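What follows draws every value from the coordinates through simple rules; no lab data is involved. A quick note on method: Cβ atoms are made from the backbone with ideal geometry, for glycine too, and the neighbour counts reach across all protein chains shown.
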RNA sequence: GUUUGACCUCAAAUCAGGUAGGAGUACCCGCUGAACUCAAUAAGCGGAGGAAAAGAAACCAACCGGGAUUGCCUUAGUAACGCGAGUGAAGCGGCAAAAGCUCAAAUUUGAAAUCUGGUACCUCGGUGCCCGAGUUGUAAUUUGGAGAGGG
RNA sequence: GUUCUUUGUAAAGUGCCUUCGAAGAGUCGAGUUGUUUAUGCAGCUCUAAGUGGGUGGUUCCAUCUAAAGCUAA
RNA sequence: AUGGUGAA
């Protein structure tokens with residue numbers, strides 16, 4: 001019989017791991033940029049939701065490269081395509097804003 | 001077995017919270033270990049998560065803006081020889097089998113010769 | 001009983017023509033590791049103190065030999081009979097015949113490799129040569145490819 | 001059981017090669033993979049850890 | 001390459017040439033012991049596409065198993081038992097008989113420095129991969145386990 | 001998908017050479033013999049049982065006709 | 001030239017460099033598997049690590065597409081079955097974490113450019129030399145997101 | 001931060017013009033016999049295709065490229 | 001029932 005006695009302990013451990021990753025990954029926000037996505041199953045299509053990573057077409061339209069996007073911590077989804085212009089435009093605008101806001105230090 | 005063992009102390013509970021931000025000395029200067037990760041990020045004026053956080057809730061950046069080849073000896077001698085032989089006539093250098101052993105194209109020839117001249121006038 | 005596609009080997013080139021082929025191949029033995037290393041050291045010493053015609057050598061590696069084949073770059077193909085995986089060489093004579101390239105079979109893979117430094121070579125081929133190659137090709141044809149053109153028969 | 005094979009395909013000869021792969025420059029260039037080793041030997045000689053071939057003969061005492 | 005032709009040749013197993021080869025090799029395999037080392041793989045294309053290489057440290061085995069548990073997994077376990085220090089990365093069919101089936105198995109030595117010194121195969125030296133065939137983690141083992149893709153008590157504090 | 005698997009002539013030549021060198025398997029031998037001694041319908045019916053999918057048997061039976069026709073010409 | 005060496009195979013070592021047995025077994029991975037539908041439960045067998053396993057789709061999807069694997073809530077005590085005792089999920093939705101990828105696959109052929117072992121120096125290895133493995137394929141370049149040659 | 005080295009006609013990326021341009025077989029599949037919570041696996045005869053094949057529901061459409069492998073959270 | 005124990 002499983003009992004979740006460690007719920008508080010598990011939360012504390014997760015917070016400690018997040019803080020440790022923040023110390024290791026201080027300059028970056030720990031996570032990677034992800035696109036806006038529309039769910040299937042019309043019961044949920046009306047509601048937008050996050051996604052895994054941007055398509056190669058979105059990255060190309062954003063003005064950068066897949067490898068450069070990965071090094072800039074941008075999620076990439078090679079197996080995902082674009083079928084609606086609204087979502088593509090939203091992703092392009094999000095990528096443009098992120099590129100404008102980010103500042104990259106030299107490799108030195 | 002524990003009975004036999006009772007019949008290697010290690011302290012780490014306190015050391016598991018005071019994590020040093022070794023990833024960036026610049027951040028460490030303005031970092032505050034007394035505050036949370038999100039609180040520290042807000043104090044430093046840097047985003048903590050690119051996605052919407054779950055549930056309820058710029059001098060530092062100014063100090064981050066400041067942070068933001070030649071030919072080989074044998075290659076240099078070969079390029080000098082080609083320049084002496086033909087000067088700027090890349091078309092003639094292309095057919096110069098004596099020196100253009102690799103059959104360099106008209107573009108690579110000029111691309112290398114311009115850099116050669118940069119250090120030779 | 002062996003199928004007609006098999007037993008094409010074992011019936012191989014005659015003694016005199018085989019010896020002539022071996023002698024011709026010996027004239028273009030690839031540079032060995034020691035010779036290549038010493039030549040490179042000499043070139044480095046000359047350059048380090050104070051532009052050659054394209055070399056020629058026999059082709060032996062199965063993969064690149066077959067790569068030259070089909071492209072019609074193989075002037076002559078020599079195949080060993082005692083190769084353990086027969087399937088490696090069953091299709092090679094057929095490919096050579098289809099592409100219209102002279103081919104021959106020999107007995108002893110080790111003897112085939114002895115002329116190319118390696119312990120064994122399975123098959124060998126030549127890309128460039130001086131003028132005895134045409135005579136050797138004609139002899140091989142008239143002695144194996146045309147005299148034993150009925151290899152598709154028998155069992 | 002005992003019948004001959006048919007050379008239906010091994011009777012005509014192809015003209016054009018099966019593939020039209022572009023010709024690489026390396027085939028027309030003096031073995032750059034070998035110039036790499038030549039320059040490695042040059043570097044080793046410069047470092048002095050490799051003795052020139054002449055000194056090998058000159059030191060056969 | 002020759003592999004492009006070898007694969008197609010092996011595809012038509014019912015062809016006369018392969019039928020003769022199998023019946024020729026069956027007797028030689030039978031005369032050999034139940035488990036014996038193979039100097040070279042009789043199906044180089046299959047082994048090469050299975051990730052096997054001719055470099056030092058790679059070993060090809062052959063083993064006979066009675067016909068009539070999955071035969072491939074049983075053969076892999078049997079070869080691993082005798083070859084305690086080797087890892088059974090994969091195995092493949094080579095010949096079948098009325099009473100016995102023959103499966104070739106490729107072994108990789110983790111102790112050999114050559115295998116440990118290359119990044120393409122050093123992963124196999126980890127202790128986690130020890131006795132891979134025993135747990136059915138190989139291709140045959142995974143298939144037998146039914147690891148397909150698709151359809152094919154707890155009490156909280158509150 | 002953006003790739004279907006075009007033969008590109010190279011695979012055509014390789015497979016034709018393999019078919020020629022390897023000859024015909026007993027199934028193919030029987031198929032061609034029944035084509036020359038029975039008919040296309042009989043060949044298709046035999047293939048449907050010898051082989052698995054009906055479409056695969058139909059394609060092979062259709063290909064055998066061309067194999068016989070071109071092979072017997074030369 | 002009846003002499004010979006190669007290649008292939010079969011044996012031996014108080015030879016040099018290496019490894020498996022056994023124990024523990026809560027968790028994990030497979031085989032086998034009993035009785036008050038009980039239960040793919042218990043025992044038995046074999047193998048491993050700090051986690052194990054799985055893991056980057058021949059997946060779910062019928063949508064205005066999602067997009068590695070695994071855990072929680074929900075889907076849901078619903079679909080479904082035995083409609084009868086009892087069994088019993090999965091997509092979507094929210095949460096914690098996210099990472100990519102490598103070979104077969106097309107000529108390095110103007111240079112097997114690859115690597116194991118022995119030896120002399122400075123030593124989780126590097127250099128020269130020698131042997132051996134390698135052509136029945138060792139390095140770089142290509143893994144479907146395609147990719148290569150060139151200007 | 002500090003340094004001794006930086007290199008050899010060495011390596012990579014990106015847009016433009018052009019030419020080339022592969023895919024894991026006794027395997028998918030099929031029939032049967034045992035197991036399985038009417039999916040899968042196993043023994044066995046057959047066992048194939050590459051503008052091909054696998055899964056689904058509507059007059060043939062949507063997605064993917066299997067029969068090799070590594071990978072912390 | 002499982003896994004062991006011993007005997008004339």
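Could you tell me whether segment C:50-67 includes any residue that is over 22 Å from residue D:21 (Cα atoms), more than 12 Å from RNA strand G (Cβ to nearest atom) and either within 13 Å of chain D (Cβ to nearest Cβ) or surrounded by fewer than 21 Cβ atoms within 10 Å (Cβ to Cβ) (or both)? Yes, some residue in segment C:50-67 is over 22 Å from residue D:21 (Cα atoms), more than 12 Å from RNA strand G (Cβ to nearest atom) and either within 13 Å of chain D (Cβ to nearest Cβ) or surrounded by fewer than 21 Cβ atoms within 10 Å (Cβ to Cβ) (or both). Among the conditions (1) within 29 Å of residue E:1 (Cα to Cα); (2) within 14 Å of RNA strand H (Cβ to nearest atom), residue E:67 misses just one, which is (1).
Check F:56, F:15 and return the single one that is within 10 Å of RNA strand H (Cβ to nearest atom), within 12 Å of the chain's Cα centre (by Cα), surrounded by fewer than 18 Cβ atoms within 10 Å (Cβ to Cβ) and under 30 Å from residue D:21 (Cα atoms).
F:15
Would you be able to tell me the number of residues in segment E:103-145 that are assigned to a loop (DSSP other than H, G, I, E, B) and either near RNA strand G (Cβ under 7 Å from one of its atoms) or within 14 Å of chain A (Cβ to nearest Cβ) (or both)? It would help to see each step written out before you state the result.
Going residue by residue through segment E:103-145, those that are assigned to a loop (DSSP other than H, G, I, E, B) are E:109-112, E:117-121, E:126, E:130-138.
With the extra rule that they be either near RNA strand G (Cβ under 7 Å from one of its atoms) or within 14 Å of chain A (Cβ to nearest Cβ) (or both), the set shrinks to E:111-112, E:117-118, E:120, E:130-131, E:134-137.
Going through segment E:103-145 one residue at a time, the tally reaches 11.
Could you please give the count of residues in segment F:41-70 that are within 16 Å of RNA strand G (Cβ to nearest atom) and within 13 Å of another protein chain (Cβ to nearest Cβ)? Qualifying residue count for the region: 1. The set of residues from segment C:83-100 being more than 9 Å from every other protein chain (Cβ to nearest Cβ) and not in a helix (DSSP H, G or I) comprises just one member, C:83. Applying the criterion of at least 2 residues that are surrounded by 10 or more Cβ atoms within 10 Å (Cβ to Cβ) to the helices (runs of 4 or more DSSP H) found wholly in segment B:1-94 leaves B:25-30, B:37-44, B:59-65, B:73-86, B:90-94.
Within segment E:33-64, the residues that satisfy the criterion of being in contact with a strand residue (DSSP E or B) (Cβ under 8 Å, 6 or more places away or on another chain) and closer than 15 Å to residue E:3 by Cα are E:41, E:42, E:43, E:46, E:47, E:50, E:51, E:52. If you go through segment E:7-52 and pick out every residue that is over 19 Å from the mean Cα position of the chain (by Cα), at the interface with another protein chain (Cβ under 10 Å from one of its Cβ atoms) and assigned to a helix (DSSP H, G or I), you end up with 9. The set of residues in segment D:11-61 being within 30 Å of residue B:99 (Cβ to Cβ), away from chain C (no Cβ under 11 Å) and assigned to a helix (DSSP H, G or I) consists of D:25, D:26, D:32, D:33, D:47.
Filter the helices (runs of 4 or more DSSP H) completely within segment A:1-107 down to those with at least 2 residues that are within 14 Å of the chain's Cα centre (by Cα).
Values: elements: A:7-24, A:56-62, A:66-71, A:85-101.
Here the list reads A:56-62, A:66-71, A:85-101.
The single condition among (1) within 14 Å of chain B (Cβ to nearest Cβ); (2) out of contact with any strand residue (DSSP E or B) (no Cβ under 6 Å at 6 or more places or on another chain); (3) away from RNA strand H (no atom under 11 Å from the Cβ) that residue A:48 does not meet is (2). Checked against the criterion of being more than 30 Å from residue B:62 (Cα to Cα), away from RNA strand H (no atom under 14 Å from the Cβ), more than 11 Å from chain B (Cβ to nearest Cβ) and surrounded by 13 or more Cβ atoms within 10 Å (Cβ to Cβ), the candidates A:37, A:92 yield just one match: A:37.
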